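Asks: Here the protein sequences line up with chains D, F, 1, f, d and i, keeping their order.
Per the deposited numbering, the first sequence starts with residue 1, numbered consecutively.
Per the deposited numbering, the second sequence starts with residue 134, numbered consecutively.
Per the deposited numbering, the third sequence starts with residue 535, numbered consecutively.
Per the deposited numbering, the fourth sequence starts with residue 51, numbered consecutively.
Per the deposited numbering, the fifth sequence starts with residue 51, numbered consecutively.
Per the deposited numbering, the sixth sequence starts with residue 55, numbered consecutively.
In this text, a Cβ means the ideal position worked out from N, Cα and C, and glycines have one as well.
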Amino acid sequence: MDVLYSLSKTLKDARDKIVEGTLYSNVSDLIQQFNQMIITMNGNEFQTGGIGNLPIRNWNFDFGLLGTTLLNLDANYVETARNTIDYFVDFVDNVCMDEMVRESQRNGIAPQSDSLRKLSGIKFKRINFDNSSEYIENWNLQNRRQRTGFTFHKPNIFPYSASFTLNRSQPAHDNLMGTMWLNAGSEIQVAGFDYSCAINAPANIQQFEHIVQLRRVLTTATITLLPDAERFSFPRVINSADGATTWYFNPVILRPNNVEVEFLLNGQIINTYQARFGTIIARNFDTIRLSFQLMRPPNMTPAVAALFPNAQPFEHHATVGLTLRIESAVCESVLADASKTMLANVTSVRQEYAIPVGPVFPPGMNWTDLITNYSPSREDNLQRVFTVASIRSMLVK
Amino acid sequence: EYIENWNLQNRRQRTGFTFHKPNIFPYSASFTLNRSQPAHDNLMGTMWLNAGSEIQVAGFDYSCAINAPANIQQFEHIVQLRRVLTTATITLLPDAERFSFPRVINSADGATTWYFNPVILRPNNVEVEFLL
Amino acid sequence: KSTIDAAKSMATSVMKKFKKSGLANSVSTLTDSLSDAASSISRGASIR
Amino acid sequence: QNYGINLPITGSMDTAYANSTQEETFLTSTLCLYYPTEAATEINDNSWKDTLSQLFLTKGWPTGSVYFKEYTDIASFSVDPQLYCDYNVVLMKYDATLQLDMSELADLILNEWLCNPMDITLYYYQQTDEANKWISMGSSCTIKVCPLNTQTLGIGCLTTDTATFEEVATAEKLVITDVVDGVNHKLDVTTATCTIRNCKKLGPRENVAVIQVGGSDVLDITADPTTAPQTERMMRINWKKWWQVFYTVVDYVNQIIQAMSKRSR
Amino acid sequence: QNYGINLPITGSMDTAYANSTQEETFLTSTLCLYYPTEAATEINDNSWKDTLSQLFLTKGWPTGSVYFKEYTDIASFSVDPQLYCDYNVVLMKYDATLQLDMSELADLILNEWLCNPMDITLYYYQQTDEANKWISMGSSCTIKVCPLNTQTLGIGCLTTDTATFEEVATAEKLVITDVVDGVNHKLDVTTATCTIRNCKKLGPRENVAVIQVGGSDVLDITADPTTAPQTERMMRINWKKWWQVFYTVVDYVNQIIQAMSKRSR
Amino acid sequence: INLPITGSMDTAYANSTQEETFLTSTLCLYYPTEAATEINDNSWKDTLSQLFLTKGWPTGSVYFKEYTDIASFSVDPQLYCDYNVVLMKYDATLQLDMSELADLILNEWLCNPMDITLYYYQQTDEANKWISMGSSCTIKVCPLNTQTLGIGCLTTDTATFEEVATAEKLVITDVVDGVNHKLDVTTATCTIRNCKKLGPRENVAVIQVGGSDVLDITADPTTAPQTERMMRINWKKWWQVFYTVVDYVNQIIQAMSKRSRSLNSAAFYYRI
Ligand SMILES: *[C@@H]1O[C@H](CO)[C@@H](O)[C@H](O)[C@H]1NC(C)=O
Ligand SMILES: *[C@@H]1O[C@H](CO)[C@@H](O)[C@H](O)[C@H]1NC(C)=O
Ligand SMILES: *[C@@H]1O[C@H](CO)[C@@H](O)[C@H](O)[C@H]1NC(C)=O
Ligand SMILES: [Ca+2]
Ligand SMILES: [Ca+2]
Ligand SMILES: [Ca+2]
Ligand SMILES: [Ca+2]
Ligand SMILES: [Ca+2]
Ligand SMILES: [Ca+2]
Ligand SMILES: [Ca+2]
Ligand SMILES: [Ca+2]
Ligand SMILES: [Ca+2]
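#1: Using a C-beta to C-beta distance shorter than 9 Å, which residues of chain d count as neighbours of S186 (chain i)?
#2: According to DSSP, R102 (chain D) sits in a beta bridge with which residue or residues?
#3: Is the beta carbon of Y117 (chain d) less than 9 Å from the beta carbon of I326 (chain i)?
#4: So what does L182 (chain F) bridge to, in DSSP terms?
#5: Please decide whether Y67 (chain f) counts as near chain F, where near means a Cβ-Cβ distance under 9 Å.
#6: Would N257 (chain d) and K312 (chain d) qualify as a contact pair, given that the criterion is a beta-carbon distance under 9 Å?
#7: Three or more beta-carbon pairs under 8 Å between the region 269-284 of chain d and the region 145-157 of chain d, yes or no?
#8: Would you kindly check if the distance between the Cβ of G185 (chain D) and the Cβ of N156 (chain D) is under 9 Å?
#9: Would the C-beta of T563 (chain 1) count as close to ligand 2, meaning under 8 Å from any of its heavy atoms?
#10: Would you mind telling me which residues of chain 1 sit closer than 8 Å to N257 (chain F), beta carbon to beta carbon, in chain order?
#11: Per DSSP, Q206 (chain D) forms a beta bridge with which residues?
#12: Roughly how many angstroms separate the alpha carbons of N26 (chain D) and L370 (chain D), rounded to a whole number?
#13: Could you check if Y67 (chain f) is buried or exposed, using at least 16 other CB atoms within 10 Å of its CB as the buried criterion?
#14: Whose C-beta lies closer than 6 Å to the C-beta of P235 (chain F) among residues of the same chain, with five residues either side of it excluded?
#15: Do you know offhand how far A213 (chain i)'s Cα is from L237 (chain i)'s?
#16: Do you know whose CA, among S126 (chain f), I226 (chain f) and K183 (chain f), lies nearest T192 (chain f)'s CA?
#17: Does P254 (chain f) come out as helix, strand or coil in the three-state DSSP assignment?
#18: By the 8 Å beta-carbon criterion, what residues does the region 175-206 of chain F contribute toward chain 1?
#19: Given 8 Å as the limit, tell me if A68 (chain f) has its C-beta closer than that to any heavy atom belonging to ligand 1.
#20: Who does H317 (chain D) pair with in a DSSP beta bridge?
#21: Of the residues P131 (chain d), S190 (chain d), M168 (chain d) and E92 (chain d), which one's Cα is nearest the Cα of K290 (chain d)?
#22: Tell me the residue span of the alpha helix (DSSP H) that contains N140 (chain D).
#23: What residues are listed by DSSP as bridge partners for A259 (chain i)?
#24: Out of curiosity, what's the CA-to-CA distance linking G54 (chain d) and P254 (chain d)?
#25: Nearest chain D C-beta to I306 (chain d) closer than 9 Å, yes or no?
#26: Measuring alpha carbon to alpha carbon, tell me which of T210 (chain i), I307 (chain i), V295 (chain i) and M310 (chain i) ends up nearest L102 (chain i).
#27: With a threshold of 9 Å between beta carbons, is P227 (chain F) in contact with chain D?
#28: For ligand 7, is there any heavy atom lying closer than 8 Å to the beta carbon of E217 (chain d)?
#29: Could you name the residues of the same chain whose beta carbon sits closer than 8 Å to that of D130 (chain D), not counting the 5 residues immediately before and after it, in chain order?
#30: Less than 8 Å between the CB of residue 40 (chain i) and some heavy atom of ligand 10, yes or no?
#31: For chain F, check one thing: does any of its Cβ atoms lie closer than 9 Å to the Cβ of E230 (chain D)?
#32: Does residue 398 (chain D) pass the burial test, meaning 16 or more other C-beta atoms within 10 Å, or should it be called exposed?
#33: Any heavy atom of ligand 8 closer than 8 Å to the beta-carbon of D267 (chain d)?
#34: Reducing DSSP to helix, strand and coil, say where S6 (chain D) ends up.
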C-alpha cells in the first residue's frame with residue numbers, strides 16, 4: 001500500500017513539476033525516482049477487476065526511461081513523460097477501485113485485489129518515495145504501533161437517533177415529563193420537557209439527564225454548547241412508543257439551571273463545565289453526560305402565570321434545551337467528516353459498479369449502521385478503503 | 134489545485150474542485166400555493182428556502198388531509214442545479230426549523246397578507262432522488 | 535375413524551365455519567388490497 | 051383568465067408590502083347594514099340614515115355606497131335571507147328562547163351552502179358526509195323523519211302512519227337538520243308553506259358579519275358538538291341604547307371590513 | 051407485567067403510524083348515555099332506545115354495547131353517582147339556578163378523586179394542598195365550619211355553640227367545599243342524611259364527557275378563580291327538540307370518542 | 055406495565071418506610087355492635103385514637119366503622135381506606151357466610167352484570183363465579199344440554215330447578231364450568247353479578263375473634279390456604295382485643311400492603 005501511495009505521489013508530482021521550459025535541477029530527483037519505478041515495473045503483468053461491473057483489465061509495462069542529458073525541458077520530453085504517466089494513472093485508478101470494493105473479516109488490513117498483494121512484495125520496495133500524507137502516515141504508525149491521530153472538522157460520530165423518553169406517561173398524554181433528543185453527525189440537540197412546569201416536584205425543580213456513549217474515543221475536541229435547542233422548540237405531533245396513537249407537544253422554552261456537562265472516559269470524569277456556554281474543550285472522552293434542570297420561576301408576571309396553572313389541562317409545556325456541536329476533533333481511528341470526500345468516493349465506486357454486499361460492510365455503506373457497530377474488522381476495512389480512496393483522490397478527484 | 138485543473142482543462146481531462154459547504158444554490162425564499170383563496174384560511178402548499186449549501190423545504194396543509202384521498206397529501210420539490218456535482222456528502226434531517234413557527238407572509242402580488250401557525254408532523258413516504 | 539353415524543355433508547359443515555376466520559378474511563383483505571392498488575395511479579402508493 | 055380551473059400559484063418572500071387599499075375599496079365597494087325594527091322604533095327619527103351616511107363620509111365610504119335594510123324580526127329575516135352586497139353587517143338581538151334559530155341564521159349566512167333541491171313524495175334521502183345537511187325555509191315548517199333499515203323498513207316507525215314518525219321541528223320558520231349519515235330517511239314536511247333543500251356546507255362566506263347586541267356568545271356554527279368555535283366575524287356588544295351601537299359600528303367600520311373579505315365564488 | 055411501578059418508556063420518531071383502532075374499539079368497548087327524563091317525555095315513544103341502537107349499528111357500535119341510563123334530575127344524579135362503563139356521555143340541561151350544582155357535578159365526574167372518610171365528632175380536619183377538598187353527598191346537606199387558631203380555640207365562632215358557625219351549604223344534595231388551607235376546622239353536618247369525605251383531586255377522568263344541551267358554557271371545573279378553563283370533554287349544543295340532539299350525538303359519536311380516552315386507573 | 059424492572063444485590067437496605075406510611079396513610083377498623091355494647095362507652099374511639107398517636111398513627115388517620123352484623127356488612131361492603139382491619143366473630147351457623155365475606159374482601163373481583171331473563175350464562179374457568187348481594191337471595195339453577203333443554207329439570211317449571219341458596223344475603227356460587235345454566239333469582243331483592251377473581255387484595259386484614267381458623271377462601275377443596283392477612287384471636291372481652299390490635303398494629307401493616315391495581319371505593323371493580 002505504501003508503494004501504491006508512492007506511485008500516486010510521484011505521478012502527481014510528475015504531472016505537476018514536469019512541464020515545458022522548466023529546469024532539470026527541480027526534477028532530477030523525481031526523474032531518478034520515475035526511472036527506478038519504471039525499472040521495478042518493467043517485466044511484470046498485473047490484472048485488475050472481476051467483481052461486479054468492474055471490467056477485467058490486464059496491465060503490461062514496457063516503457064523507456066527518461067533521459068538526464070537535458071539542462072532545460074522541452075515538449076519532446078514532457079510528451080513522452082505524459083504518454084508514460086497516463087498508463088500508470090489508469091493502472092492506479094483501477095487498482096484503487098478494485099481495492100475499495102473488496103472485504104474480509106480475516107485480517108482486513110492484509111491487502112485484497114491481488115495486484116496489490118503483488119506490489120507488497122520485496123522487489124517493489126524500491127518505489128517508496130515519501131509517505132507524507134496523514135492517512136498513510138497513520139497506516140505506517142499502526143503497522144509500527146504508536147499513538148496515531150486523525151484530525152476532523154465536524155465529524156460524523158453520532159449515528160442518527162431521533163427519539164424521546166417519558167418518565168411520567170398517561171394514555172391521554174396530557175401530563176408528561178420526559179426528554180427528547182436528536183443526535184446526528186456532529187450535533188446533539190436535547191430537550192427536557194415537563195408539562196406541569198415542576199409544580200408538584202420537590203423544590204419546584206425537575207431533573208433531566210442525557211447520557212451519550214461514543215463508539216470511539218475522541219481528544220482535543222472543540223465544542224460549541226448553547227441553550228434553547230431549536231428543532232424541539234415549536235409545536236409538534238409525535239407518536240407513542242408502540243406507534244398506535246399520537247400526542248401533542250406545545251413547548252415554552254426556559255433556561256437550564258444547575259446545568260452540568262461532564263465529558264468522561266471509562267466512567268471516570270475528565271472535564272466538567274458548570275453554566276459555561278459557548279466554545280469549550282474536551283481533551284479525552286468516550287462519554288458525555290448533560291445534566292440540567294427545569295426550575296419553576298418563583299416570581300411570575302400575569303402573562304406567564306396564566307400559562308402554568310395548578311391544574312392538569314396544561315396547554316403550555318415548559319422545556320429546557322441544549323445544543324452541542326463538535327466543531328473540531330481528533331480520533332485514534334478513522335471516521336467521516338464534512339470536509340473530506342473519502343467515504344463519498346468509496347460509496348460512489350460501489351454504487352456505480354454494483355458491488356454486492358459483503359460480510360463486513362452494510363448495504364450501501366450507510367454511516368448509521370456502520371458506526372453503530374464499529375467492530376475491529378469493520379474499522380480495519382474502513383481504514384484500508386479510506387486510505388486507498390485518499391490515494392485515488394490525490395490523482396482523480 | 135487551481136493551476137492543476139487549469140493545466141488539465143488546457144490538456145483536456147476530467148478535473149475536480151473539492152468543495153466544503155459550496156454556495157451553489159442562489160438565495161431563494163418562496164412559497165407555492167396549490168389550493169388558495171382570497172382570505173387564505175384553507176391552504177395547501179410548499180415553502181422553500183434554498184441558500185448557499187443548504188435547503189429547508191416544508192409542505193403545509195391547513196386541513197391536515199381530511200378531504201384528500203386516503204388521508205394523505207403529496208408534496209414535491211424539484212431543485213435543478215446549474216452545474217453537475219459528484220461525490221456529494223449530504224446531511225438530511227426532518228422537521229425543518231425556519232418554517233416551524235408563526236409567520237405573516239404576503240401573497241404573490243404583495244397586495245394582502247396571510248397567517249401561518251404550524252404544527253410539525255413527520256414526513257412519511259419520503260423519497261430523495263438524485264438525478265442526472 | 536368410524537364415519538360415526540350417517541353424517542351430513544362434511545365439506546359443507548366445515549366450510550360454513552371455515553369462511554369466517556382469520557385465514558379467509560385475510561385472503562379477502564389481501565385480494566381487496568391488490569385490487570385497490572391496481573385500480574388507481576393518482577394515490578401515489580399511499581401504503582408506505 | 052383561465053376560469054373553471056385551479057392552477058399552482060407562486061411568489062417570493064423578498065417583495066415589499068404594497069400600499070393600503072383602504073380609501074379605495076370603500077369607494078369601489080358597498081356596505082349594507084341589517085338592523086332590527088326596534089332600533090328605528092327607539093330612535094324615532096326620519097333622517098338617521100342620512101346622518102349615518104354623512105358620518106360614514108368622514109370614514110371614507112361615500113354617500114350612495116351605504117345601504118340600510120330593515121327586518122321586523124330574526125325569524126322573518128331567517129325566512130329566505132337574500133344578502134346581495136359587497137360587505138354585509140347584521141345586528142342581531144339576543145333572546146334565550148331564540149338561541150337555536152339565531153344560531154341557524156348564523157350557520158346559514160356566515161357560510162356558503164351549495165343547495166340542491168328535494169322531492170319527498172318520490173325518493174328517500176340519506177346523508178353522505180357530516181356537512182350535507184337539510185335546510186328548511188318557510189312560514190311554518192313541521193318536519194318529521196322515519197329512518198329505514200337495510201331492507202327498506204322503518205325503525206320505530208311505520209312507512210304509512212305518519213304519526214309514528216320522529217319529530218325534529220314544530221312550526222319553525224328556519225330549520226337546519228343533521229341526521230345519521232348512512233341511513234335513508236322518509237320525510238313528512240309542510241310542502242305547501244315550506245321548501246326543504248339538501249345543502250352541502252362549503253368553505254365560509256367572508257362577506258357577512260354578525261354582531262350580537264346582547265347576551266354572551268352562544269352561536270355554535272359547527273353542528274358537531276366538539277368545536278364550539280368563535281369565528282373572527284362573529285362579534286359581540288353589550289347595549290342599553292342603539293345610537294351608541296351605530297356610532298360604535300361607524301367608528302370601528304375599518305376593523306369590521308378587515309375581519310371581512312370580498313367573496314370568492 | 052409489572053404493576054404499581056412507574057418505569058421510563060422509550061420510542062423513536064422514524065416509526066410509522068399504525069391503523070385506525072376505531073371500528074375495533076367500538077366492538078370491544080361499551081357506551082353509556084345519561085339523558086334526562088324530559089327527553090323521553092318530549093319524545094313520547096318507547097322504541098327510541100332500540101332505534102338509536104340500530105342507528106349506532108351503522109356507525110360500528112354493536113347492539114349489546116350501547117346503554118341508556120335515565121336520571122330524573124341533575125341533583126338526583128349528583129346524589130352518589132356511579133359511572134361504570136368504558137365510555138360515558140352525559141346530556142346536561144342548562145339552568146341558571148343550578149349553575150354551581152351542575153359545576154360541582156362536572157368537577158366530580160370529569161375528574162378522578164382519591165377519597166378518605168371523615169369522623170366529625172372525633173377529629174378536627176385541615177386541608178394541606180389546593181386539591182384536598184371535602185365532597186358531601188346525600189339527600190339534604192347542611193354544612194357549617196368553624197376555623198380554629200393555634201390553641202384550638204375558635205375564630206369568630208364558638209366550638210360549643212353550633213349556631214355561631216359559618217354556614218357554607220344550605221340543604222344541597224352535592225357540595226364540594228374548599229376552605230382555607232393550613233388551619234384546623236370543626237364541622238357541623240347532618241350526618242343522618244349526608245356523608246362527607248375528604249377527597250384529594252388526582253388527574254382528570256378521560257372516560258366521561260359532559261354535554262351542556264342549552265345555554266352558554268359556564269362550568270368552572272377548577273375551584274380556583276384565576277384559570278376557569280374549558281377542556282375537550284366539555285361540550286355544548288343549542289336545542290329546541292331532543293331527537294335532533296340524539297341524532298347529532300350519534301352522527302358525531304366518533305368525534306366524542308376521539309375527545310375521550312379510556313381510563314388510566 | 056409491560057416493561058421490565060432491574061435491580062442489584064449490592065445495593066443497601068434503605069431506612070424504614072414505617073413512621074412515614076403511618077403519617078401519609080389512613081387506617082380503618084370494622085367492629086361489631088356487640089363490641090360497643092359490651093364496652094358501654096362513648097369516647098372509646100377518641101381513646102383508641104390517642105393511643106394510636108403514641109404508635110405514630112396521627113390524629114386524623116384512624117377511623118372506626120360499626121357494622122351491625124356479618125351479613126349486613128357482606129351486603130355491598132364499601133371499603134374505602136388505605137388500610138382496613140376487620141374484627142369478625144365466629145359462629146358455626148355463619149361459617150360459610152363469613153368465608154364468602156373473606157373471599158369477597160381479601161380478593162379483588164372484576165364484575166360484569168348478569169341479565170337472567172333474556173340471556174343464559176356459563177362459567178369458563180375456576181375463577182369466574184356468580185356473586186349475589188341483597189336482603190334475601192334465593193337462587194335456583196337448571197343446567198342445560200347441547201340442544202338447549204334441561205337436565206333433570208324443566209325449562210318452564212321453576213320448581214324443578216335446583217336450589218343452591220335459601221334466604222341468604224351474600225351468596226358466592228360456583229357451578230360446573232362449561233355448561234349453560236338457567237337461573238331463577240329474586241332480582242327485586244338481590245342483584246347477581248358474574249365476577250372473575252383477580253389477584254389478592256393486600257389492603258384488608260380479617261381477624262377471627264373466636265373459633266379456630268376455618269375460612270376456606272379458595273373454592274376448590276384442595277388448597278385450604280391460610281394467607282398472611284388472615285388472623286385469629288381468642289377472646290373473653292373486646293377491650294383486650296382492641297389493646298392487642300393497637301399494640302401489634304405494626305405487624306399487621308407489615309402483613310398488609312397498599313393496593314396495586316387501581317383506586318376504587320367498593321369491594322370489586324366493574325367493567326359492564
Ligand atoms: C405607496 O405608499 C407610499 C407611502 O404613503 C407613497 O409614497 C407611494 O406613492 C405609494 N405608492 C403609489 C404607487 O402611490
Ligand atoms: C388500515 O386502515 C384503513 C382505513 O380505516 C382500512 O381501510 C384498512 O383495512 C386498514 N388496514 C388493515 C390491514 O385492516
Ligand atoms: C437511616 O438510618 C441510619 C441509622 O440510624 C441513619 O444513620 C441514617 O441517617 C438514616 N437515613 C436517613 C436518610 O436519615
Ligand atoms: Ca329555528
Ligand atoms: Ca350529518
Ligand atoms: Ca316512533
Ligand atoms: Ca351544590
Ligand atoms: Ca383548598
Ligand atoms: Ca360566627
Ligand atoms: Ca352466604
Ligand atoms: Ca330437578
Ligand atoms: Ca366454577
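Replies: Walking through what the data contain:
#1: Residues of chain d passing the Cβ test: none, with the nearest at roughly 18 Å.
#2: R102 (chain D) is not bridged to any residue.
#3: yes
#4: DSSP lists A162 (chain F) and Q189 (chain F) as partners of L182 (chain F).
#5: yes
#6: yes
#7: yes
#8: yes
#9: yes
#10: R582
#11: Looking at the DSSP assignment, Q206 (chain D) forms a beta bridge with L294 (chain D).
#12: Rounded to whole angstroms, the gap between the alpha carbons of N26 (chain D) and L370 (chain D) is 45 Å.
#13: exposed
#14: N250
#15: 12 Å
#16: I226 (chain f)
#17: strand
#18: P202, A203 and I205
#19: yes
#20: Residue pairing by DSSP places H317 (chain D) opposite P251 (chain D) in a beta bridge.
#21: Among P131 (chain d), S190 (chain d), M168 (chain d) and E92 (chain d), the Cα nearest to that of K290 (chain d) belongs to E92 (chain d).
#22: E134 to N143
#23: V139 (chain i), per the DSSP bridge assignment.
#24: 19 Å
#25: no
#26: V295 (chain i)
#27: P227 (chain F) counts as touching chain D.
#28: no
#29: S6 and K9
#30: The structure shown has nothing for residue 40 (chain i), since chain i only spans 55 to 326.
#31: yes
#32: Coverage of chain D is limited to positions 1 through 397, which leaves residue 398 (chain D) absent and any answer about it impossible.
#33: no
#34: helix
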